[PDB]
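One chain comes next, on its own, written out as structure tokens in the form deposited in one PDB entry.
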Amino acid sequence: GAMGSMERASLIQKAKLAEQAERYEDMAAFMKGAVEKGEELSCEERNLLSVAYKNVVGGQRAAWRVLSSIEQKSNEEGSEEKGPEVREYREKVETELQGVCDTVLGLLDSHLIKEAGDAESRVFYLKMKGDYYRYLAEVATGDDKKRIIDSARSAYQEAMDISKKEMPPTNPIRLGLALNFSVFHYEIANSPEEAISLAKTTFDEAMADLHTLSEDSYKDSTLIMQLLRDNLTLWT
């Protein structure tokens, strides 16, 4: 750990600075260093961790999609052979993406999830675990693809079970978990009907609980509800 000599508090401070500078690779490295101090993460710290790696892997995924698109075209009937370079470079980006996912999954397994007892932390981390297995699933093609998919499903399912028992239906973590598990169903598990059912039921149960919220909590919940509706509009 190249961050082993830096104070935990300094790592968190620098993660916030890296965010302001839109230096998300640095942000992720600082937050990995903070996790490796071994202490549990506060709510703010968990979100710094998730923001950092979401931005890093999001860029990798966007690049992979561009390259995969170019690669598939080079393989159509009538394309001029261009050699191994597109495949090689897609593989390079894919391997770096898998590395980032494995890093995040490693942090969750050593030892964030096992120490997470409160619903807000445990559901958050299990959602992340589902998310990063989902990103691995997006690029998987081998003997392991079904097992990667089932790892994502299992993490999301455990998070869902806890969230339904322990959080109100408007809790933004619960909502974001359902949003993403719904996308998993649609895009990974070839289960569009499950995706649509989950998004719709989540939206309706949240709507009925909005009356309990403050203005600020209302804004947070309705933002994610709008994403659920956006996806439903995309899919119907």
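Numbering starts at 1 and runs along the sequence shown. In this text, the rigid core denotes the largest set of C-alpha atoms whose superposition between the two forms falls within 1.5 Å.
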Please check residue 163 against the other PDB entries of this protein that were compared: is it missing in at least a third of those that model both its neighbours? no
Thinking of the other compared PDB entries, is residue 81 one of those residues unmodelled in at least a third of them? yes
Could you check the entry and say whether 65-73 or 199-207 has the higher mean CA B-factor? 65-73
Avg C-alpha B-factor, entry values, 142-150 vs 93-101, higher side is 142-150
Tertile call for residue 83 (CA temperature factor, within chain, third-based) is the highest
Among the modelled residues of its chain, the C-alpha B-factor of residue 23 falls in the third labelled middle
Rank-wise, by C-alpha B-factor, drop residue 161 into the lowest, middle or highest third of its chain. highest
If you rank every modelled residue in this chain by C-alpha B factor, which third holds residue 106: lowest, middle or highest? middle
Temperature factor at the Cα of residue 45, chain-ranked in thirds, falls in the lowest
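From this point on, the text means the form deposited in another entry, which you will not see here.
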Which is the one residue in 12, 227, 18, 213 whose C-alpha moves 2 Å or more between this form and the one not shown, relative to the superposed rigid core? 213
